[PDB]
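Q:
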Ligand SMILES: *[C@@H]1O[C@H](CO)[C@@H](O[C@@H]2O[C@H](CO)[C@@H](O[C@@H]3O[C@H](CO[C@H]4O[C@H](CO[C@H]5O[C@H](CO)[C@@H](O)[C@H](O)[C@@H]5O)[C@@H](O)[C@H](O[C@H]5O[C@H](CO)[C@@H](O)[C@H](O)[C@@H]5O)[C@@H]4O)[C@@H](O)[C@H](O[C@H]4O[C@H](CO)[C@@H](O)[C@H](O)[C@@H]4O[C@H]4O[C@H](CO)[C@@H](O)[C@H](O)[C@@H]4O[C@H]4O[C@H](CO)[C@@H](O)[C@H](O)[C@@H]4O)[C@@H]3O)[C@H](O)[C@H]2NC(C)=O)[C@H](O)[C@H]1NC(C)=O
Ligand SMILES: *[C@@H]1O[C@H](CO)[C@@H](O[C@@H]2O[C@H](CO)[C@@H](O[C@@H]3O[C@H](CO[C@H]4O[C@H](CO[C@H]5O[C@H](CO)[C@@H](O)[C@H](O)[C@@H]5O)[C@@H](O)[C@H](O[C@H]5O[C@H](CO)[C@@H](O)[C@H](O)[C@@H]5O)[C@@H]4O)[C@@H](O)[C@H](O[C@H]4O[C@H](CO)[C@@H](O)[C@H](O)[C@@H]4O)[C@@H]3O)[C@H](O)[C@H]2NC(C)=O)[C@H](O)[C@H]1NC(C)=O
Ligand SMILES: *[C@@H]1O[C@H](CO[C@@H]2O[C@@H](C)[C@@H](O)[C@@H](O)[C@@H]2O)[C@@H](O[C@@H]2O[C@H](CO)[C@@H](O[C@@H]3O[C@H](CO)[C@@H](O)[C@H](O)[C@@H]3O)[C@H](O)[C@H]2NC(C)=O)[C@H](O)[C@H]1NC(C)=O
Ligand SMILES: *[C@@H]1O[C@H](CO)[C@@H](O[C@@H]2O[C@H](CO)[C@@H](O)[C@H](O)[C@H]2NC(C)=O)[C@H](O)[C@H]1NC(C)=O
Ligand SMILES: *[C@@H]1O[C@H](CO)[C@@H](O[C@@H]2O[C@H](CO)[C@@H](O)[C@H](O)[C@H]2NC(C)=O)[C@H](O)[C@H]1NC(C)=O
Ligand SMILES: *[C@@H]1O[C@H](CO)[C@@H](O[C@@H]2O[C@H](CO)[C@@H](O)[C@H](O)[C@H]2NC(C)=O)[C@H](O)[C@H]1NC(C)=O
Ligand SMILES: *[C@@H]1O[C@H](CO)[C@@H](O[C@@H]2O[C@H](CO)[C@@H](O)[C@H](O)[C@H]2NC(C)=O)[C@H](O)[C@H]1NC(C)=O
Ligand SMILES: *[C@@H]1O[C@H](CO)[C@@H](O[C@@H]2O[C@H](CO)[C@@H](O)[C@H](O)[C@H]2NC(C)=O)[C@H](O)[C@H]1NC(C)=O
Ligand SMILES: *[C@@H]1O[C@H](CO)[C@@H](O[C@@H]2O[C@H](CO)[C@@H](O)[C@H](O)[C@H]2NC(C)=O)[C@H](O)[C@H]1NC(C)=O
Ligand SMILES: *[C@@H]1O[C@H](CO)[C@@H](O[C@@H]2O[C@H](CO)[C@@H](O)[C@H](O)[C@H]2NC(C)=O)[C@H](O)[C@H]1NC(C)=O
Ligand SMILES: *[C@@H]1O[C@H](CO)[C@@H](O)[C@H](O)[C@H]1NC(C)=O
Ligand SMILES: *[C@@H]1O[C@H](CO)[C@@H](O)[C@H](O)[C@H]1NC(C)=O
Ligand SMILES: *[C@@H]1O[C@H](CO)[C@@H](O)[C@H](O)[C@H]1NC(C)=O
Ligand SMILES: *[C@@H]1O[C@H](CO)[C@@H](O)[C@H](O)[C@H]1NC(C)=O
Ligand SMILES: *[C@@H]1O[C@H](CO)[C@@H](O)[C@H](O)[C@H]1NC(C)=O
Ligand SMILES: *[C@@H]1O[C@H](CO)[C@@H](O)[C@H](O)[C@H]1NC(C)=O
Ligand SMILES: *[C@@H]1O[C@H](CO)[C@@H](O)[C@H](O)[C@H]1NC(C)=O
Ligand SMILES: *[C@@H]1O[C@H](CO)[C@@H](O)[C@H](O)[C@H]1NC(C)=O
Ligand SMILES: *[C@@H]1O[C@H](CO)[C@@H](O)[C@H](O)[C@H]1NC(C)=O
Ligand SMILES: *[C@@H]1O[C@H](CO)[C@@H](O)[C@H](O)[C@H]1NC(C)=O
Ligand SMILES: *[C@@H]1O[C@H](CO)[C@@H](O)[C@H](O)[C@H]1NC(C)=O
Ligand SMILES: *[C@@H]1O[C@H](CO)[C@@H](O)[C@H](O)[C@H]1NC(C)=O
Ligand SMILES: *[C@@H]1O[C@H](CO)[C@@H](O)[C@H](O)[C@H]1NC(C)=O
Ligand SMILES: *[C@@H]1O[C@H](CO)[C@@H](O)[C@H](O)[C@H]1NC(C)=O
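Protein chains in written order, with the entry's author numbering: chain A, 153 to 185, 185A to 185E, 186 to 198; chain B, 299 to 309, 312 to 323, 323A, 324 to 350; chain C, 33 to 58, 65 to 143, 150 to 185, 185A to 185E, 186 to 309, 312 to 323, 323A, 324 to 392, 406 to 505; chain D, 1 to 52, 52A, 53 to 71, 71A to 71D, 72 to 82, 82A to 82C, 83 to 100, 100A to 100B, 101 to 111; chain E, 1 to 27, 32 to 91, 96 to 106; chain F, 520 to 546, 569 to 663; chain G, 520 to 546, 569 to 663; chain H, 520 to 546, 569 to 663.
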């Protein structure tokens, strides 16, 4: 149920990125492009953030 | 019942995001507690009035 | 016998709080014509004989209404203007290089900042540059291997959004008149020596007031009006050391301020119709900005202020001035607004009690472009440059003084420049009047009986 | 809930500048003046000064001019403020407990006081 | 300037006694309870108003320039020095014994 | 004299300017505020007109109400009230009876118009 | 009794509380809705006052209209109407004649004031 | 005939339709504009009613004002005015005296109601 999601997002400057992480509950995570060679590289998004 | 220690990550110029950082202690499911006898009496009375 | 008789239209009133209309005389200046109605032509003032009315300047509501309206209007006046969010990027700021006699003091103030920003197409970048004043640049990650690779940003662009002022906004403090709504009227005190709080015994009724210039300044009051008869000191309890002392002068002192540099402007496009203005280069030499205050007029003014302050306290006390105790730049120095340029002038040569023989006192000034005017509240504004040198002149008509604490075993009282609370400046004009609510329905006994 | 937290005691030598901090939280800080007081052992409370949390203007009495610098640093979103008293020309006569307090009224009524920072010289 | 006096320099009473402490000043006064501890606690503000959280034992009255700080039903918890203030001026208080 | 005019004059003299004060009761976000102001002014005017109507004084500035004056409200001669007092002083003098008298006025109109007049139309 | 009060009482008794109901007719997006509400309440009040004015009943709660009652509208004794009916029942009883009677009332005022009174002032 | 009706008819004939015109005075950004419109219509109605009230003509469409007609305002017979002119022509004919006459009307009401009537109630 509790997933450790790592992601690259913005910071308070237009030209820099941050690598961070957060714990999310499974119902809020949607799977994309499951990686069958190394399951730790599967892609996920926040539920309905694409809609 | 969990502590769910919070982490705060900045996204932009005054735009901040809050998410669970880590958890101190063990992890249990959330739950609700309803008194057994009060519920049983309530349903008995509801059944009588519906009938 | 006696009977009750009802009279409608009785000239009585009570104290009340309401909303006043703005009016002004006839590019759209912030405030004024864009959202105001015509003024009352040929307005009348009706003297109320044998009427005494208690006016408190400090508790007047009109001050809060004026404060709110000015803040709201300013924010709207900036709402449609170009935002500088795409410029909150890494800057490389080095010493600006000029070919003509730049003083060693200015080499540390004007920085040549190179940066990579957007253009009017989503897939392309521009490498550009601009000259900025040191107070607007914040250092990040200083490079100790090659100091020219240190990173800089615009001040506070990481905290909020900086919005460039639209070049078509008129920042002249055009006087705005306040008109009472129907059912309400404004009472004015015509007692030339009124302290600002108390039972004024010479009052008149005004349907709509005269105009007040929304001038923004600190430490000294500019423009506005002069006292009719004498210098007046207004200060709430007077003995309470956290209450401002407002000195209303009966004679003005002329002050001339200038930015002598040409500051040739460059215009760089950021996006689809979003343009940014910044100083390109400077033709000629570089000098500090400054203000010129006549020496003898200032010396006379301070002599008279000291005499009137002494009259309001124990006679066994010397009145002296001292430099400002410090704090934010907006209150440490005197704040101006001359054609959009915000000056922060060092006034320690005026309040040091040094009777300097100089015919003209000259005060160095700093100019800053990223201004958060309302004590940190509101959007940060970027003031674009104007090519050519700028001169301006204004009248100093009052002072904001703060008492230097207090103790025993002391034979002198020290006053320092204060201010920073815009409401006090607005009070220095609104103190003359208050708003009343008409209560026209009254009853009284007489011999009037119905025939019925 | 109005809260004022203070730093712990500091011990130094004459001439060494000392900083005493007070952190305000849990209320709208910008609406009230913050005052500093000095309580020497066995004595009453001496007034040290006031600071306006919105403009930063200090006001100190004659005996502390040129020696005490009062400042403030606002935190993000103005939820808390850190106030500081920097005493420069420190002497052995300045051993005292330094308190911060909120002025909530026009009578100089101080409702909430900090714990007090002991300075020994 | 604001002049002040304070009397007595010290007070000694029994438990349950009603006592007064006199302070004179030409200005707004307040009163504080100073303990050998973290901070003084404000007791009285304005001419005669009590703060929230103050037990209903402390009271006061003014006549001319004098204030009495009447303390009814004095309890062991009330051993403290009572300070009197006008703006920036704080006058050393009366040390109460019990 | 204009609005309010002789505000400090005696109660008698001030009765000759009742129309002067009576005519002054009627006449993007800022527009909303002004609107709100106009609506409140209209409501106050209508409340005063409705109150005068209930008392049976509609359309008049001076009206007899057929209610005796009580000695508990005031005890002054007509000369003292009309020549030795202003309207502000009188308004303060009987402020605490403002609503009591109004109730009696409503009752007077209740007694008249229906109970004392409907029986005569018959 | 308060607003509406004896709503279920007879037509006669209810006539003594007409002022109680009469006084209850007057007093960011949400503010706009409230405004709209105030304006509609004002318009309804003014329409009722204008209608009473046209009928010649301005400033009164009870007025004679000098229009004979038609037997086609109702056929009840005064006792039955005033002591044996409520105002709701009466309102339903003659609902379909509400506008017809109003026209006659306007015509009555048209016949009076000018045609029957202007010739006498001469 | 409806609103305005016989606009081109003589002044006499047009007096019989005064109620027809009188009834037509009362009844997201677009809503704000409509509101503003409603408020202005209400203000104009109230100003006209207040002016009629001040003149002592409240609740009436026809009223005598007890003010003599001056030969400097017009010099026409009653037949010429009422049978040989329309209201538009008359309105133009005396336009420049519109405010002067109004002042006299206010003074007439000032002379009446108080000065000529209060002394009789005594
Ligand atoms: C207390 O009160 C005192 C008394 O009022 C205050 O002090 C006064 O404050 C006012 C208001 O700022 C000053 O008025 C301005 O004066 C300047 C000076 O004008 C001289 O030069 C003009 C030529 O301009 C050219 O040279 C200048 C540099 O020399 C250069 O900057 C400019 O771009 C251009 O290249 C002459 O025309 C002018 O003569 C005229 O005025 C004389 C006044 O005395 C008069 O005697 C003459 O007969 C003649 O009528 C004079 O020699 C003016 O330049 C400035 O003009 C602005 O405002 C007016 C008013 O509407 C407007 O018509 C102008 O077009 C101009 O407005 C531009 O800037 C606005 C900024 O808000 C902007 O909103 C406009 O849309 C417009 O923008 C255009 O230009 C900019 C600039 O590049 C561009 O970026 C835009 O895209 C657009 O193209 C004012 O008239 C007083 O001089 C000053 N002193 C006195 C004694 O009155 C004091 O400030 C108060 N206290 C406080 C604290 O404020
Ligand atoms: C700056 O701040 C200071 C405070 O820090 C402020 O001082 C106040 O200012 C007001 C206005 O001037 C003062 O009011 C005056 O006080 C004079 C003396 O004190 C009076 O009030 C005492 C309080 O008693 C209570 O009970 C009385 C009724 O008994 C009631 O009125 C009070 O409101 C209160 O409830 C009272 O004890 C005292 O009586 C003593 O003194 C008199 C005088 O010797 C003596 O006869 C008595 O026997 C007794 O010993 C007195 O009543 C007072 O003289 C003065 O009276 C004049 O004005 C009133 C009307 O206002 C007239 O009726 C009277 O005849 C006089 O003409 C007035 O009442 C107030 O006391 C100060 N407050 C404090 C805390 O000091 C400054 O004004 C501020 N300055 C600025 C610029 O803002
Ligand atoms: C916007 O940024 C400024 C500083 O600017 C730059 O960006 C920041 C995100 C950091 O990466 C900075 O390193 C960088 O220069 C922020 O103000 C800065 O805050 C820091 C603390 O967070 C200050 O550092 C410390 O301050 C204490 C004060 O007691 C010193 O004792 C320390 O030795 C150290 O200096 C730093 O000085 C300060 N900078 C300025 C110019 O005041 C600002 O908070 C930030 N805005 C937001 C909303 O985060
Ligand atoms: C909800 O009910 C459960 C019972 O199943 C509670 O769990 C008990 O909690 C007590 C302490 O509060 C323990 O001593 C027991 O051993 C627990 N028993 C079980 C089966 O878990 C639980 O605490 C209740 N929660 C609340 C909030 O009332
Ligand atoms: C500010 O810095 C810029 C960047 O170096 C200077 O512009 C450069 O000037 C050199 C020499 O003329 C040119 O070779 C570069 O191509 C210029 N760069 C750009 C982006 O145009 C500019 O002259 C400096 N201004 C001052 C006043 O020192
Ligand atoms: C803007 O972009 C230019 C081009 O990429 C950057 O110039 C490079 O800077 C690095 C050091 O950071 C050098 O090693 C490269 O050789 C430079 N490129 C060229 C073509 O000279 C410049 O640093 C960027 N500036 C910012 C603030 O991002
Ligand atoms: C009270 O205030 C009025 C102002 O409303 C004063 O009347 C003015 O007097 C000056 C000097 O004679 C005239 O120039 C003004 O025209 C007058 N104003 C009006 C509206 O007539 C009056 O003198 C003041 N009285 C006192 C005693 O100060
Ligand atoms: C302004 O108001 C003050 C206060 O009423 C007037 O000063 C008073 O003047 C009278 C003489 O007429 C003295 O008896 C009072 O003692 C004075 N009181 C104070 C507090 O000074 C002053 O005269 C008024 N100004 C004008 C021009 O009339
Ligand atoms: C402000 O005052 C200074 C005086 O210090 C003026 O500087 C003088 O300017 C004149 C020409 O206007 C020169 O001939 C003098 O040699 C200058 N003297 C000094 C000491 O600089 C300055 O011009 C004044 N500025 C304004 C705007 O009036
Ligand atoms: C305003 O200018 C004065 C000097 O005119 C500054 O005070 C002194 O400046 C000299 C250098 O010119 C220093 O050597 C002194 O140490 C300064 N005095 C103090 C007490 O530090 C003053 O600091 C300036 N103020 C601002 C805000 O810039
Ligand atoms: C800028 O000027 C200073 C002189 O104050 C000098 O020390 C510094 O090295 C200069 N910076 C560059 C990049 O040349
Ligand atoms: C200003 O007031 C002073 C009194 O403090 C007086 O001496 C001086 O002449 C006045 N000046 C003017 C221009 O009225
Ligand atoms: C300033 O005025 C004082 C009198 O108060 C005088 O002694 C001094 O010489 C004057 N100084 C100048 C420069 O005018
Ligand atoms: C530079 O200053 C000169 C006057 O010394 C002026 O003639 C010229 O137009 C100015 N140029 C700019 C771009 O401001
Ligand atoms: C500076 O401004 C003044 C007046 O605006 C002007 O006379 C003078 O020529 C200007 N100097 C330069 C170098 O632009
Ligand atoms: C300063 O005051 C004088 C005298 O009233 C006036 O002539 C001058 O125009 C004023 N200056 C300004 C900038 O308003
Ligand atoms: C305080 O108590 C003493 C006891 O005699 C009394 O004389 C004095 O008037 C009192 N003062 C007040 C202000 O109550
Ligand atoms: C004010 O009082 C005097 C007293 O003589 C009187 O003559 C004057 O008319 C009064 N004021 C008014 C407006 O009536
Ligand atoms: C006057 O009022 C008092 C108190 O309300 C009342 O007792 C008394 O009867 C009233 N007088 C008359 C004549 O009604
Ligand atoms: C309801 O009907 C009963 C019938 O006896 C009557 O007594 C009562 O008064 C009526 N209610 C009202 C409010 O009149
Ligand atoms: C009553 O109404 C009917 C129908 O409208 C009509 O025929 C009859 O004449 C009316 N009665 C009178 C007396 O007018
Ligand atoms: C009104 O007309 C409807 C038919 O449209 C009828 O059902 C109803 O009973 C009528 N009511 C009266 C009071 O005439
Ligand atoms: C228009 O004039 C003619 C002239 O004969 C008249 O008969 C007709 O009635 C007039 N129109 C109206 C509406 O009165
Ligand atoms: C008619 O008006 C004129 C001018 O206003 C005036 O002179 C004349 O006296 C007036 N006639 C009467 C009878 O008042």
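Ideal placement from N, C-alpha and C gives every residue a C-beta, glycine not left out.
Taking contact to mean 3 or more Cβ pairs, one atom from each stretch, closer than 8 Å, check whether the region 605-621 of chain F and the region 14-24 of chain D are in contact.
A: Verdict: no, contact absent.
Q: Note down the Cα distance separating residue 59 of chain C from residue 164 of chain C, rounded to an integer number of angstroms.
A: Absent from the coordinates is residue 59 of chain C, which sits in the stretch where chain C moves from 58 straight to 65.
Q: For chain H, find out if any of its Cβ atoms is closer than 7 Å to the Cβ of residue 622 of chain G; answer yes or no.
A: Answer no: the Cβ-Cβ gap between residue 622 of chain G and chain H never drops below 7 Å.
Q: Pick out whichever of C:282, C:501, C:134 and C:284 has its Cα sitting closest to the Cα of residue 302 of chain C.
A: When each option's Cα is compared against that of residue 302 of chain C, the closest is C:134.
Q: Compare the C-beta of residue 197 of chain C with all C-beta atoms of chain A and state if any pair is closer than 7 Å.
A: Yes, residue 197 of chain C lies at the interface with chain A (some Cβ there is under 7 Å from its Cβ).
Q: Taking 5 Å as the limit, name every residue whose beta carbon sits nearer than that to some heavy atom of ligand 15, in sequence order.
A: In chain order, the qualifying residues are C:442 and C:444.
Q: Which same chain residues end up closer than 7 Å to residue 123 of chain C when comparing Cβ atoms and leaving out the 5 residues on each side of it in sequence?
A: Closer than 7 Å at Cβ, skipping near neighbours: 200.
Q: Which word fits residue 569 of chain H, buried or exposed, when buried means at least 16 other C-beta atoms lie within 10 angstroms of its C-beta?
A: Residue 569 of chain H comes out exposed.
Q: I need the residues with a C-beta less than 7 Å from some heavy atom of ligand 4; please give them in chain order.
A: Result (chain order): B:330 and B:332.
Q: Would residue 82A of chain D pass as an interface residue toward chain C - the criterion being a Cβ-Cβ separation below 7 Å?
A: Judged by the 7 Å Cβ criterion, residue 82A of chain D is not in contact with chain C.
Q: Could you give the DSSP three-state label for residue 596 of chain F: helix, strand or coil?
A: Coil.
Q: In the structure shown, what three-state DSSP assignment does residue 84 of chain D receive?
A: Helix, per DSSP.
Q: Report the option in G:535, G:621, G:651 and G:659 whose CA atom is closest to the CA atom of residue 538 of chain H.
A: Measuring from the Cα of residue 538 of chain H, the nearest candidate turns out to be G:651.
Q: Tell me which residues share the same chain as residue 150 of chain C and place their Cβ nearer than 6 Å to its Cβ, disregarding the 5 neighbours each side in the sequence.
A: The answer, listed in chain order, is 326.
Q: Could you give the distance in angstroms between the alpha-carbon of residue 530 of chain H and the alpha-carbon of residue 644 of chain H?
A: Answer to the nearest angstrom: the Cα atoms are 24 Å apart.
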